[PDB]
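Okay, entry_25.pdb now, which holds PDB, C-alpha atoms:
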```pdb
MODEL        1
ATOM      1  CA  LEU H   1      -8.627  92.485 -75.709
ATOM      2  CA  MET H   2     -11.439  92.172 -73.159
ATOM      3  CA  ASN H   3      -9.176  90.320 -70.737
ATOM      4  CA  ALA H   4      -6.683  93.140 -71.316
ATOM      5  CA  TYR H   5      -9.460  95.713 -70.918
ATOM      6  CA  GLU H   6     -10.415  94.245 -67.533
ATOM      7  CA  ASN H   7      -6.885  94.042 -66.130
ATOM      8  CA  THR H   8      -6.115  97.617 -67.185
ATOM      9  CA  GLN H   9      -9.278  98.947 -65.528
ATOM     10  CA  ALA H  10      -8.608  96.967 -62.353
ATOM     11  CA  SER H  11      -4.977  98.097 -62.227
ATOM     12  CA  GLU H  12      -5.930 101.700 -62.981
ATOM     13  CA  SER H  13      -8.518 101.787 -60.199
ATOM     14  CA  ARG H  14      -6.034 100.771 -57.496
ATOM     15  CA  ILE H  15      -4.111 103.998 -58.164
ATOM     16  CA  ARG H  16      -6.923 106.432 -58.999
ATOM     17  CA  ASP H  17      -9.948 105.302 -56.973
ATOM     18  CA  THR H  18     -10.193 105.711 -53.205
ATOM     19  CA  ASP H  19     -11.312 103.292 -50.507
ATOM     20  CA  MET H  20     -14.506 104.776 -49.073
ATOM     21  CA  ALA H  21     -14.325 102.632 -45.940
ATOM     22  CA  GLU H  22     -10.679 103.597 -45.434
ATOM     23  CA  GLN H  23     -11.320 107.257 -46.220
ATOM     24  CA  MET H  24     -14.154 107.533 -43.678
ATOM     25  CA  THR H  25     -11.790 106.747 -40.808
ATOM     26  CA  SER H  26      -9.556 109.636 -41.865
ATOM     27  CA  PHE H  27     -12.578 111.887 -42.417
ATOM     28  CA  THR H  28     -13.917 110.937 -38.985
ATOM     29  CA  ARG H  29     -10.477 111.471 -37.450
ATOM     30  CA  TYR H  30      -9.994 115.037 -38.675
ATOM     31  CA  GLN H  31     -13.583 116.068 -37.915
ATOM     32  CA  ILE H  32     -13.140 115.195 -34.242
ATOM     33  CA  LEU H  33      -9.774 116.980 -34.267
ATOM     34  CA  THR H  34     -11.555 119.988 -35.752
ATOM     35  CA  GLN H  35     -13.726 120.242 -32.636
ATOM     36  CA  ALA H  36     -10.803 119.727 -30.254
ATOM     37  CA  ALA H  37      -8.984 122.596 -31.965
ATOM     38  CA  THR H  38     -12.199 124.627 -31.833
ATOM     39  CA  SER H  39     -12.759 123.797 -28.159
ATOM     40  CA  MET H  40      -9.285 124.673 -26.902
ATOM     41  CA  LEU H  41      -9.233 127.860 -28.971
ATOM     42  CA  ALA H  42     -12.162 129.150 -26.913
ATOM     43  CA  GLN H  43     -10.294 128.111 -23.764
ATOM     44  CA  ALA H  44      -7.323 130.163 -24.985
ATOM     45  CA  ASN H  45      -9.483 133.257 -25.520
ATOM     46  CA  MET H  46     -10.819 132.851 -21.974
ATOM     47  CA  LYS H  47      -7.285 132.484 -20.588
ATOM     48  CA  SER H  48      -6.577 136.221 -20.603
ATOM     49  CA  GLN H  49      -9.357 137.425 -18.286
ATOM     50  CA  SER H  50      -8.044 135.454 -15.294
ATOM     51  CA  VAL H  51      -5.567 138.284 -14.635
ATOM     52  CA  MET H  52      -8.063 141.128 -15.103
ATOM     53  CA  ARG H  53      -9.099 140.600 -11.468
TER      54      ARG H  53
ATOM     55  CA  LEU Y   1     -11.535  56.566 -78.274
ATOM     56  CA  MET Y   2     -15.067  57.465 -77.164
ATOM     57  CA  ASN Y   3     -14.503  55.693 -73.848
ATOM     58  CA  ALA Y   4     -11.215  57.546 -73.352
ATOM     59  CA  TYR Y   5     -12.948  60.750 -74.436
ATOM     60  CA  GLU Y   6     -15.477  60.117 -71.657
ATOM     61  CA  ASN Y   7     -12.974  59.106 -68.977
ATOM     62  CA  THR Y   8     -10.536  61.954 -69.671
ATOM     63  CA  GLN Y   9     -13.281  64.593 -69.888
ATOM     64  CA  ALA Y  10     -14.515  63.388 -66.505
ATOM     65  CA  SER Y  11     -10.921  63.521 -65.257
ATOM     66  CA  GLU Y  12     -10.456  67.187 -66.168
ATOM     67  CA  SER Y  13     -13.888  68.256 -64.918
ATOM     68  CA  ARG Y  14     -13.138  66.943 -61.425
ATOM     69  CA  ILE Y  15      -9.996  69.116 -61.534
ATOM     70  CA  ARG Y  16     -11.125  72.239 -63.407
ATOM     71  CA  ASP Y  17     -14.915  72.476 -62.993
ATOM     72  CA  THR Y  18     -16.235  73.960 -59.755
ATOM     73  CA  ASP Y  19     -18.851  72.626 -57.362
ATOM     74  CA  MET Y  20     -21.771  75.021 -57.783
ATOM     75  CA  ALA Y  21     -23.486  73.864 -54.592
ATOM     76  CA  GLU Y  22     -20.302  73.783 -52.515
ATOM     77  CA  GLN Y  23     -19.303  77.261 -53.681
ATOM     78  CA  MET Y  24     -22.662  78.828 -52.760
ATOM     79  CA  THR Y  25     -21.919  77.923 -49.138
ATOM     80  CA  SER Y  26     -18.593  79.767 -49.229
ATOM     81  CA  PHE Y  27     -20.196  82.542 -51.276
ATOM     82  CA  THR Y  28     -22.780  83.141 -48.549
ATOM     83  CA  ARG Y  29     -20.183  82.895 -45.775
ATOM     84  CA  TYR Y  30     -18.169  85.752 -47.293
ATOM     85  CA  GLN Y  31     -21.307  87.765 -48.028
ATOM     86  CA  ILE Y  32     -22.312  87.447 -44.366
ATOM     87  CA  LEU Y  33     -18.799  88.140 -43.073
ATOM     88  CA  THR Y  34     -18.655  91.258 -45.239
ATOM     89  CA  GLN Y  35     -21.790  92.668 -43.600
ATOM     90  CA  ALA Y  36     -20.533  91.847 -40.105
ATOM     91  CA  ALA Y  37     -17.184  93.536 -40.757
ATOM     92  CA  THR Y  38     -18.937  96.455 -42.456
ATOM     93  CA  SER Y  39     -21.027  97.188 -39.362
ATOM     94  CA  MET Y  40     -18.169  96.770 -36.886
ATOM     95  CA  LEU Y  41     -16.133  99.336 -38.817
ATOM     96  CA  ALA Y  42     -19.148 101.661 -38.676
ATOM     97  CA  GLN Y  43     -19.266 101.042 -34.922
ATOM     98  CA  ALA Y  44     -15.517 101.660 -34.696
ATOM     99  CA  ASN Y  45     -15.696 105.050 -36.421
ATOM    100  CA  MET Y  46     -18.282 106.331 -33.923
ATOM    101  CA  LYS Y  47     -16.305 104.833 -31.027
ATOM    102  CA  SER Y  48     -14.101 107.929 -30.822
ATOM    103  CA  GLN Y  49     -16.962 110.399 -30.274
ATOM    104  CA  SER Y  50     -17.186 109.277 -26.632
ATOM    105  CA  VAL Y  51     -14.394 111.621 -25.501
ATOM    106  CA  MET Y  52     -15.898 114.626 -27.300
ATOM    107  CA  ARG Y  53     -18.081 115.213 -24.231
TER     108      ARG Y  53
ATOM    109  CA  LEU W   1     -12.735  61.426 -46.977
ATOM    110  CA  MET W   2     -15.958  63.373 -47.490
ATOM    111  CA  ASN W   3     -17.053  62.108 -44.073
ATOM    112  CA  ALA W   4     -13.671  62.983 -42.560
ATOM    113  CA  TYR W   5     -13.652  66.501 -44.014
ATOM    114  CA  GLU W   6     -17.200  67.191 -42.800
ATOM    115  CA  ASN W   7     -16.502  66.164 -39.202
ATOM    116  CA  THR W   8     -13.071  67.832 -39.144
ATOM    117  CA  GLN W   9     -14.389  71.128 -40.517
ATOM    118  CA  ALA W  10     -16.927  71.247 -37.683
ATOM    119  CA  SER W  11     -14.151  70.204 -35.296
ATOM    120  CA  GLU W  12     -12.164  73.303 -36.267
ATOM    121  CA  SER W  13     -15.283  75.461 -36.598
ATOM    122  CA  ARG W  14     -16.072  75.051 -32.892
ATOM    123  CA  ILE W  15     -12.469  75.888 -31.944
ATOM    124  CA  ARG W  16     -11.823  79.021 -34.025
ATOM    125  CA  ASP W  17     -15.125  80.554 -35.182
ATOM    126  CA  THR W  18     -16.794  82.980 -32.799
ATOM    127  CA  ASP W  19     -20.402  82.953 -31.616
ATOM    128  CA  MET W  20     -21.923  85.843 -33.549
ATOM    129  CA  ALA W  21     -25.001  86.178 -31.332
ATOM    130  CA  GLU W  22     -23.149  85.733 -28.037
ATOM    131  CA  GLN W  23     -20.393  88.180 -28.989
ATOM    132  CA  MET W  24     -23.019  90.862 -29.614
ATOM    133  CA  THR W  25     -23.943  90.469 -25.950
ATOM    134  CA  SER W  26     -20.370  91.212 -24.875
ATOM    135  CA  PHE W  27     -20.046  94.099 -27.336
ATOM    136  CA  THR W  28     -23.186  95.841 -26.068
ATOM    137  CA  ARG W  29     -22.088  95.486 -22.436
ATOM    138  CA  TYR W  30     -18.655  97.049 -22.989
ATOM    139  CA  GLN W  31     -20.200  99.790 -25.113
ATOM    140  CA  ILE W  32     -22.403 100.965 -22.225
ATOM    141  CA  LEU W  33     -19.617 100.610 -19.652
ATOM    142  CA  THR W  34     -17.558 102.917 -21.861
ATOM    143  CA  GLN W  35     -20.405 105.443 -21.837
ATOM    144  CA  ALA W  36     -20.782 105.123 -18.065
ATOM    145  CA  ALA W  37     -17.074 105.595 -17.359
ATOM    146  CA  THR W  38     -16.825 108.524 -19.765
ATOM    147  CA  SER W  39     -19.679 110.412 -18.096
ATOM    148  CA  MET W  40     -18.086 109.837 -14.696
ATOM    149  CA  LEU W  41     -14.810 111.117 -16.141
ATOM    150  CA  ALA W  42     -16.608 114.341 -17.018
ATOM    151  CA  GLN W  43     -17.877 114.442 -13.431
ATOM    152  CA  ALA W  44     -14.440 113.979 -11.867
ATOM    153  CA  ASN W  45     -13.044 117.007 -13.717
ATOM    154  CA  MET W  46     -15.880 119.290 -12.593
ATOM    155  CA  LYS W  47     -15.600 117.996  -9.021
ATOM    156  CA  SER W  48     -12.401 119.934  -8.326
ATOM    157  CA  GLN W  49     -14.046 123.234  -9.304
ATOM    158  CA  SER W  50     -16.008 123.279  -6.036
ATOM    159  CA  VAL W  51     -13.416 124.796  -3.699
ATOM    160  CA  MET W  52     -12.737 127.795  -5.918
ATOM    161  CA  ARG W  53     -15.524 129.569  -4.015
TER     162      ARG W  53
ATOM    163  CA  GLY C   1      -5.198  67.749 -47.231
ATOM    164  CA  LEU C   2      -8.361  65.694 -46.773
ATOM    165  CA  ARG C   3      -9.981  67.905 -49.405
ATOM    166  CA  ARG C   4      -6.820  67.396 -51.465
ATOM    167  CA  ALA C   5      -6.918  63.668 -50.706
ATOM    168  CA  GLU C   6     -10.477  63.457 -52.037
ATOM    169  CA  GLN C   7      -9.659  65.193 -55.334
ATOM    170  CA  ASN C   8      -6.769  62.808 -55.996
ATOM    171  CA  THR C   9      -9.050  59.837 -55.302
ATOM    172  CA  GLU C  10     -11.384  60.812 -58.143
ATOM    173  CA  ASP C  11      -8.347  61.299 -60.386
ATOM    174  CA  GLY C  12      -7.087  57.873 -59.362
ATOM    175  CA  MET C  13     -10.383  56.304 -60.404
ATOM    176  CA  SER C  14     -10.359  58.210 -63.705
ATOM    177  CA  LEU C  15      -7.017  56.601 -64.548
ATOM    178  CA  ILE C  16      -8.400  53.216 -63.483
ATOM    179  CA  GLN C  17     -11.659  53.816 -65.348
ATOM    180  CA  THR C  18      -9.808  54.623 -68.582
ATOM    181  CA  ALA C  19      -7.466  51.623 -68.650
ATOM    182  CA  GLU C  20     -10.508  49.372 -68.245
ATOM    183  CA  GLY C  21     -12.098  51.292 -71.115
ATOM    184  CA  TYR C  22      -9.151  50.393 -73.339
ATOM    185  CA  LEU C  23      -9.327  46.768 -72.201
ATOM    186  CA  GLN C  24     -12.942  46.812 -73.404
ATOM    187  CA  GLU C  25     -11.889  47.255 -77.034
ATOM    188  CA  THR C  26      -9.087  44.708 -76.599
ATOM    189  CA  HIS C  27     -11.478  42.053 -75.278
ATOM    190  CA  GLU C  28     -13.953  42.513 -78.138
ATOM    191  CA  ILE C  29     -11.111  41.940 -80.607
ATOM    192  CA  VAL C  30      -9.927  38.678 -79.044
ATOM    193  CA  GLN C  31     -13.435  37.220 -79.183
ATOM    194  CA  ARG C  32     -13.664  38.156 -82.866
ATOM    195  CA  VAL C  33     -10.500  36.141 -83.482
ATOM    196  CA  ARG C  34     -12.039  33.317 -81.445
ATOM    197  CA  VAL C  35     -15.230  33.042 -83.508
ATOM    198  CA  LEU C  36     -13.256  33.254 -86.759
ATOM    199  CA  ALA C  37     -11.117  30.408 -85.416
ATOM    200  CA  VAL C  38     -14.243  28.241 -85.129
ATOM    201  CA  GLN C  39     -15.179  28.851 -88.764
ATOM    202  CA  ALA C  40     -11.539  28.398 -89.787
ATOM    203  CA  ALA C  41     -11.481  25.040 -87.983
ATOM    204  CA  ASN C  42     -14.272  23.585 -90.134
ATOM    205  CA  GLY C  43     -13.280  21.065 -92.776
ATOM    206  CA  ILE C  44     -14.998  22.470 -95.868
ATOM    207  CA  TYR C  45     -12.553  25.316 -96.535
ATOM    208  CA  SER C  46      -9.492  25.341 -98.799
ATOM    209  CA  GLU C  47      -6.122  27.041 -98.353
ATOM    210  CA  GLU C  48      -7.305  30.195-100.133
ATOM    211  CA  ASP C  49     -10.320  30.771 -97.871
ATOM    212  CA  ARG C  50      -8.449  30.190 -94.608
ATOM    213  CA  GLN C  51      -5.747  32.558 -95.867
ATOM    214  CA  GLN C  52      -8.433  35.226 -96.226
ATOM    215  CA  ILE C  53      -9.352  34.453 -92.620
ATOM    216  CA  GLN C  54      -5.683  34.887 -91.692
ATOM    217  CA  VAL C  55      -5.755  38.296 -93.394
ATOM    218  CA  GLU C  56      -8.296  39.659 -90.921
TER     219      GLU C  56
ENDMDL
END
```
Written as structure tokens, that's how I'd like the structure from this file.
Amino acid sequence: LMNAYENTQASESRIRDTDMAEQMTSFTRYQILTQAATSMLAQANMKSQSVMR
Amino acid sequence: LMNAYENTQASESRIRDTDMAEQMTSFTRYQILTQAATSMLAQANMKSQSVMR
Amino acid sequence: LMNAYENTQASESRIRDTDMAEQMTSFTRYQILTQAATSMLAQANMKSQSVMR
Amino acid sequence: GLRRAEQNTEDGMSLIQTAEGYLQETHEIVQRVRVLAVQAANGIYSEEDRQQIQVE
């Protein structure tokens, strides 16, 4: 039973539990992209005034 | 029978039983390599913040 | 064979394994060069803004 | 392979060590026949007593 209890828990974890090291790369990736979207949005707001001259 | 019990038990041990001293060397090598790879991944995540300036 | 394995393992160790201390020297040099080039990349963009006056 | 070659070499000796262990019991038997042959070769025994020697 215990050998079966171990293999079930190991096999269950591979589907349910996340890889923290692997998830951080994705979390880092989208957080930088958040700023790039935030940066260029402010550029877009400033785009209009160039014709008000 | 006792002699064969000795010689066969020695025969299986040299096949099945591990070397406790020899395995500690590999155990430490993987423990060190884990920490080196752990830090380089941490360096790699921050590597992309350079272009955010 | 124990003698042969010991010498051969070191024979391959020198060929394939990296120098952990020496490779940190290379890593820290390319890290700063990346910072230096990036800051000059920020400078090159702002350089063209001069003649708008 | 050299690490594999070493592990076989112990296993080779274990086979060799065991066959010599079986020859140990064989040798002790042949001597026991030999000493009984000395007693059996003495002249003060009859057919019945030497037959009991032949039993063993």
Chain fit, chain W moved to chain H over all Cα pairs in order, as a PDB file with C-alpha atoms, keeping the file's coordinate frame:
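Written file, part18.pdb:
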```
ATOM      1  CA  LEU W   1      -8.812  92.791 -75.820  1.00  0.00           C
ATOM      2  CA  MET W   2     -11.670  92.051 -73.427  1.00  0.00           C
ATOM      3  CA  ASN W   3      -9.108  90.364 -71.176  1.00  0.00           C
ATOM      4  CA  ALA W   4      -6.701  93.288 -71.565  1.00  0.00           C
ATOM      5  CA  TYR W   5      -9.355  95.901 -70.779  1.00  0.00           C
ATOM      6  CA  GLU W   6     -10.527  94.007 -67.684  1.00  0.00           C
ATOM      7  CA  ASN W   7      -7.048  93.706 -66.169  1.00  0.00           C
ATOM      8  CA  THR W   8      -6.053  97.253 -67.161  1.00  0.00           C
ATOM      9  CA  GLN W   9      -9.211  98.799 -65.704  1.00  0.00           C
ATOM     10  CA  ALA W  10      -8.422  97.160 -62.360  1.00  0.00           C
ATOM     11  CA  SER W  11      -4.803  98.256 -62.798  1.00  0.00           C
ATOM     12  CA  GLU W  12      -5.933 101.887 -62.972  1.00  0.00           C
ATOM     13  CA  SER W  13      -8.699 101.373 -60.408  1.00  0.00           C
ATOM     14  CA  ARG W  14      -6.157 100.522 -57.700  1.00  0.00           C
ATOM     15  CA  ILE W  15      -4.042 103.569 -58.607  1.00  0.00           C
ATOM     16  CA  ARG W  16      -6.677 106.324 -58.777  1.00  0.00           C
ATOM     17  CA  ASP W  17      -9.865 105.229 -56.981  1.00  0.00           C
ATOM     18  CA  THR W  18     -10.019 105.879 -53.252  1.00  0.00           C
ATOM     19  CA  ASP W  19     -10.920 103.417 -50.506  1.00  0.00           C
ATOM     20  CA  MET W  20     -14.411 104.528 -49.518  1.00  0.00           C
ATOM     21  CA  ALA W  21     -14.446 102.687 -46.185  1.00  0.00           C
ATOM     22  CA  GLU W  22     -10.881 103.595 -45.210  1.00  0.00           C
ATOM     23  CA  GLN W  23     -11.321 107.266 -46.119  1.00  0.00           C
ATOM     24  CA  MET W  24     -14.297 107.472 -43.756  1.00  0.00           C
ATOM     25  CA  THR W  25     -11.860 106.542 -40.994  1.00  0.00           C
ATOM     26  CA  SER W  26      -9.624 109.499 -41.847  1.00  0.00           C
ATOM     27  CA  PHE W  27     -12.590 111.857 -42.220  1.00  0.00           C
ATOM     28  CA  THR W  28     -13.993 111.014 -38.781  1.00  0.00           C
ATOM     29  CA  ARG W  29     -10.593 111.479 -37.124  1.00  0.00           C
ATOM     30  CA  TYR W  30     -10.003 114.953 -38.579  1.00  0.00           C
ATOM     31  CA  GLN W  31     -13.581 115.939 -37.781  1.00  0.00           C
ATOM     32  CA  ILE W  32     -13.061 115.305 -34.052  1.00  0.00           C
ATOM     33  CA  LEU W  33      -9.609 116.914 -34.025  1.00  0.00           C
ATOM     34  CA  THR W  34     -11.265 120.015 -35.467  1.00  0.00           C
ATOM     35  CA  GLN W  35     -13.799 119.954 -32.627  1.00  0.00           C
ATOM     36  CA  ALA W  36     -11.043 119.448 -30.054  1.00  0.00           C
ATOM     37  CA  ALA W  37      -8.891 122.298 -31.364  1.00  0.00           C
ATOM     38  CA  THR W  38     -11.872 124.636 -31.639  1.00  0.00           C
ATOM     39  CA  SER W  39     -12.902 124.092 -28.014  1.00  0.00           C
ATOM     40  CA  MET W  40      -9.329 124.730 -26.892  1.00  0.00           C
ATOM     41  CA  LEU W  41      -9.351 127.893 -29.002  1.00  0.00           C
ATOM     42  CA  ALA W  42     -12.347 129.059 -26.987  1.00  0.00           C
ATOM     43  CA  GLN W  43     -10.361 128.261 -23.840  1.00  0.00           C
ATOM     44  CA  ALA W  44      -7.286 130.235 -24.898  1.00  0.00           C
ATOM     45  CA  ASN W  45      -9.330 133.418 -25.375  1.00  0.00           C
ATOM     46  CA  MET W  46     -10.933 133.181 -21.926  1.00  0.00           C
ATOM     47  CA  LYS W  47      -7.560 132.400 -20.335  1.00  0.00           C
ATOM     48  CA  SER W  48      -6.330 135.988 -20.638  1.00  0.00           C
ATOM     49  CA  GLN W  49      -9.359 137.313 -18.735  1.00  0.00           C
ATOM     50  CA  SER W  50      -7.928 136.007 -15.452  1.00  0.00           C
ATOM     51  CA  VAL W  51      -5.591 138.867 -14.535  1.00  0.00           C
ATOM     52  CA  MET W  52      -8.252 141.546 -14.883  1.00  0.00           C
ATOM     53  CA  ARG W  53      -9.023 140.963 -11.195  1.00  0.00           C
TER      54      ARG W  53
END
```
Just need the residues of chain W within 10 Å of chain C, counting all atoms listed in the file, so spit them out as a compact mmCIF listing (two decimals) with C-alpha atoms, in the coordinates of the input.
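File written: iface29.txt
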```
# COMPACT_ATOMS: atom_id res chain seq x y z
CA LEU W 1 -12.74 61.43 -46.98
CA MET W 2 -15.96 63.37 -47.49
CA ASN W 3 -17.05 62.11 -44.07
CA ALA W 4 -13.67 62.98 -42.56
CA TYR W 5 -13.65 66.50 -44.01
CA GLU W 6 -17.20 67.19 -42.80
CA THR W 8 -13.07 67.83 -39.14
```
- request: Find the residues near region 35-50 of chain W: any atom within 9 Å, counting all atoms listed in the file, skip ones fewer than 4 places away on the same chain, and give them as a ChimeraX atom specification.
  value: /Y:50-51,53 /W:30-31
Write the selection just made, keeping C-alpha atoms, as an mmCIF file, keeping the file's coordinate frame?
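See again-v2.cif below for the written result:
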```cif
data_model
loop_
_atom_site.group_PDB
_atom_site.id
_atom_site.type_symbol
_atom_site.label_atom_id
_atom_site.label_comp_id
_atom_site.auth_asym_id
_atom_site.auth_seq_id
_atom_site.Cartn_x
_atom_site.Cartn_y
_atom_site.Cartn_z
ATOM 1 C CA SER Y 50 -17.186 109.277 -26.632
ATOM 2 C CA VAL Y 51 -14.394 111.621 -25.501
ATOM 3 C CA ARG Y 53 -18.081 115.213 -24.231
ATOM 4 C CA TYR W 30 -18.655 97.049 -22.989
ATOM 5 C CA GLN W 31 -20.200 99.790 -25.113
#
```
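Evaluated against this file, the ChimeraX specification (/Y :<8) & /H yields residues 24, 25, 28, 32 and 36 of chain H.
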Pairwise distance for CA of residue 11 (chain C) and CA of residue 11 (chain Y), rounded to one decimal in Å: 5.9 Å
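One finds CA of residue 34 (chain Y) at 23.6 Å from CA of residue 16 (chain H).
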query: Which residues fall under the PyMOL selection byres ((chain C and resi 28-41) around 10) in this file, as a ChimeraX atom specification?
result: /C:23-27,42-46,49-54,56
Some atoms are absent from region 10-25 of chain Y, so rebuild N, CA and C atoms and return them as an mmCIF file, in the coordinates of the input.
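Okay, out14.cif is ready:
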```cif
data_model
loop_
_atom_site.group_PDB
_atom_site.id
_atom_site.type_symbol
_atom_site.label_atom_id
_atom_site.label_comp_id
_atom_site.auth_asym_id
_atom_site.auth_seq_id
_atom_site.Cartn_x
_atom_site.Cartn_y
_atom_site.Cartn_z
ATOM 1 N N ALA Y 10 -14.159 63.466 -67.915
ATOM 2 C CA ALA Y 10 -14.515 63.388 -66.505
ATOM 3 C C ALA Y 10 -13.314 63.693 -65.624
ATOM 4 N N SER Y 11 -12.118 63.288 -66.058
ATOM 5 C CA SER Y 11 -10.921 63.521 -65.257
ATOM 6 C C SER Y 11 -10.615 65.007 -65.127
ATOM 7 N N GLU Y 12 -10.771 65.764 -66.214
ATOM 8 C CA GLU Y 12 -10.456 67.187 -66.168
ATOM 9 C C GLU Y 12 -11.528 67.962 -65.420
ATOM 10 N N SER Y 13 -12.790 67.557 -65.576
ATOM 11 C CA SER Y 13 -13.888 68.256 -64.918
ATOM 12 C C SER Y 13 -13.739 68.212 -63.402
ATOM 13 N N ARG Y 14 -13.357 67.057 -62.860
ATOM 14 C CA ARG Y 14 -13.138 66.943 -61.425
ATOM 15 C C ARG Y 14 -11.940 67.760 -60.959
ATOM 16 N N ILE Y 15 -11.117 68.247 -61.883
ATOM 17 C CA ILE Y 15 -9.996 69.116 -61.534
ATOM 18 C C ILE Y 15 -10.314 70.578 -61.824
ATOM 19 N N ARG Y 16 -10.925 70.864 -62.970
ATOM 20 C CA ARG Y 16 -11.125 72.239 -63.407
ATOM 21 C C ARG Y 16 -12.500 72.793 -63.064
ATOM 22 N N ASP Y 17 -13.556 71.993 -63.207
ATOM 23 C CA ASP Y 17 -14.915 72.476 -62.993
ATOM 24 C C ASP Y 17 -15.210 72.618 -61.505
ATOM 25 N N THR Y 18 -15.933 73.677 -61.149
ATOM 26 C CA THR Y 18 -16.235 73.960 -59.755
ATOM 27 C C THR Y 18 -17.465 73.196 -59.284
ATOM 28 N N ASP Y 19 -17.637 73.152 -57.968
ATOM 29 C CA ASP Y 19 -18.851 72.626 -57.362
ATOM 30 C C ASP Y 19 -19.787 73.801 -57.110
ATOM 31 N N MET Y 20 -20.869 73.879 -57.886
ATOM 32 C CA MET Y 20 -21.771 75.021 -57.783
ATOM 33 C C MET Y 20 -22.453 75.067 -56.423
ATOM 34 N N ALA Y 21 -22.851 73.905 -55.902
ATOM 35 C CA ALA Y 21 -23.486 73.864 -54.592
ATOM 36 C C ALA Y 21 -22.487 74.165 -53.486
ATOM 37 N N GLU Y 22 -21.290 73.588 -53.571
ATOM 38 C CA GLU Y 22 -20.302 73.783 -52.515
ATOM 39 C C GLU Y 22 -19.802 75.221 -52.482
ATOM 40 N N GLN Y 23 -19.796 75.892 -53.632
ATOM 41 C CA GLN Y 23 -19.303 77.261 -53.681
ATOM 42 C C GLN Y 23 -20.338 78.257 -53.170
ATOM 43 N N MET Y 24 -21.631 77.949 -53.311
ATOM 44 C CA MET Y 24 -22.662 78.828 -52.760
ATOM 45 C C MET Y 24 -22.542 78.942 -51.245
ATOM 46 N N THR Y 25 -22.109 77.869 -50.583
ATOM 47 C CA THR Y 25 -21.919 77.923 -49.138
ATOM 48 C C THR Y 25 -20.801 78.890 -48.768
#
```
